[PDB]
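Next come structure tokens for two forms of one protein chain, structure 1 first, structure 2 second.
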Structure 1
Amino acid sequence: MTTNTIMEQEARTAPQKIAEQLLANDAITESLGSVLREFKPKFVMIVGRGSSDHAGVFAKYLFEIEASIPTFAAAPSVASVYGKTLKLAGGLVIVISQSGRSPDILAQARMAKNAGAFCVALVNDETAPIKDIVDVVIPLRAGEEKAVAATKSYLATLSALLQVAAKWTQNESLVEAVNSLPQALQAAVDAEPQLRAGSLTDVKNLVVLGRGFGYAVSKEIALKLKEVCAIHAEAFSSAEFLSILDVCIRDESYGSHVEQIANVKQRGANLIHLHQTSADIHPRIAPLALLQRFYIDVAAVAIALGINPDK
């Protein structure tokens, strides 16, 4: 099944919107890359919605693995409630916010600027006041965000992070990945569904397991299952997890992850597999392709469960 939901419409527009984003942002991210190689960030702090920031979890793996620089999420309360200014000299702060207007986001941006960090904002609204606080805005270019469950705007956030990472590190592999990204998303949209409602009928509790980048995207999957399908879903590391949805990314984590899933299957668990739509996709793009496929799939699961994913 396919659906006429706004959620699905936005999800299906992501590949083209991201192709346009990457082209339009190539110059600004290139220059930001030059700034970052000159500045030499000691760490990367992500400012958003705290530890519950899914983009921030993805960013941790991205910058730690590609740039070897420790990356972490800020705790909003430290700036807003406790009134602290941290010592962030020589650090890079990346603010992630679609609207660029929330008072807790603006307070954290101001504190980062006052602490001496070089400050970058990934924001969808280019006219937002965050632009007058931070050093540079990288526009997300996702267009109008009309659905209640975010799809394209999340993928656009990850594409911008990836492009920022490619330009900074100049890692050749990652540059090729970013160049292949729009076509890889389209291929994922055009592929056969990976998740079908039938697998979820009669499931009220669900554990989503992943490793590494797969863990980052499992958090996003668990959230959408709760938001759109009314299924109590929770994401865990397959390493730490001492009815299961297997987020199966083919990257360096695949081997250990697969073995953990084999363990849960042997210990008698009930498994639903989300495999990549292609077994030859670049590993750093694979998580985005899997989310791309899933966003389209979950609109149909909703409608199949009698839920209107747009309400």
Structure 2
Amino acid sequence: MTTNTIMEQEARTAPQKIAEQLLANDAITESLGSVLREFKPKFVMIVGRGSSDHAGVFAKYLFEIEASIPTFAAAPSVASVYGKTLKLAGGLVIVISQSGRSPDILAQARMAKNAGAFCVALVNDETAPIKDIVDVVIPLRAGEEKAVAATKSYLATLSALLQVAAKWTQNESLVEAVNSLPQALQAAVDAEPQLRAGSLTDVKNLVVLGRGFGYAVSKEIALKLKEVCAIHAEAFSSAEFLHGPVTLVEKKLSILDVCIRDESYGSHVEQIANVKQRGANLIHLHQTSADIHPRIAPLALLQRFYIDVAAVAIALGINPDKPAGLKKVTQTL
């Protein structure tokens, strides 16, 4: 252990907290799976903000590939600004929020409920008012997240999503992934650090490249780089990065590679090799063990990153548990 930050401490508790969540939520997720197999959602909409939006992106890849059901993030403004009600009959809406207090999220949830959608909430604060809007609540059980930059609550969200998907689809491979998840996270905590501040010193802008599930995690990494290091980081698809943004490479760009060993490995590696040939300076992040389930590695890579980024934060003089001008509960419309 290096920094004395609340963030690192919370990150290191994530594996046990996730184990406890899967135990406590096995029954509720079994029942949600049985409800969903009968209901047959036409689509899945994800309401979030912050790291809960990035979690929504992960859920998109998860449910499209494992459940074959189109999944997307909602745009709060349609409800909260334009006062519009969408046609959501027969759709599944999942509200994601550690705090469950933001007005625009609560407005979207309420509108979705009024539209006849089935509404599921992944919440960490059981006392949040979201519980009075949604149909079923799945508690994240991460306990209170005191640092401003989320760690344990994000991992708890992805595990809840994975567990819901495992129970719903009953794909035994996904079931195996969720069952192995606590051990893969613990292994990730115990591995050697992967990211160090020295690689980032004098870097004010960055591009994070990933593919598929790796892209979903990349969105969260760029946020933490912005949130706790004041580095303008941006997440891209390694496929979509070559449709315009690669010109930034020619201006000496610093790219962080989220290499996840799932079925998008060969394409991602080939795209990264192309970008390398185009002259970029690459920092490679990877899952900590090559003996992890392809669906669980995204989370293993994130565990290591959260611990190592707390130290990069402290090294750059930023306090990751109280970043400048930020709050744990952020409220917008």
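Note that the rigid core is defined as the largest set of C-alphas that superpose within 1.5 Å between two forms. Numbering runs along the sequence of structure 1, starting at 1.
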Conformational change between structure 1 and structure 2, one of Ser34, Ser256, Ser52, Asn270, C-alpha moving 2 Å or more after core fit: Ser52
Is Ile6 one of the residues whose C-alpha moves 2 Å or more between structure 1 and structure 2 after the core fit? no
The CA shift of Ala156 between structure 1 and structure 2, rigid core aligned, in angstrom, is 0.5
Rigid-core-superposed Cα shift at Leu305 between structure 1 and structure 2, Å: 2.5
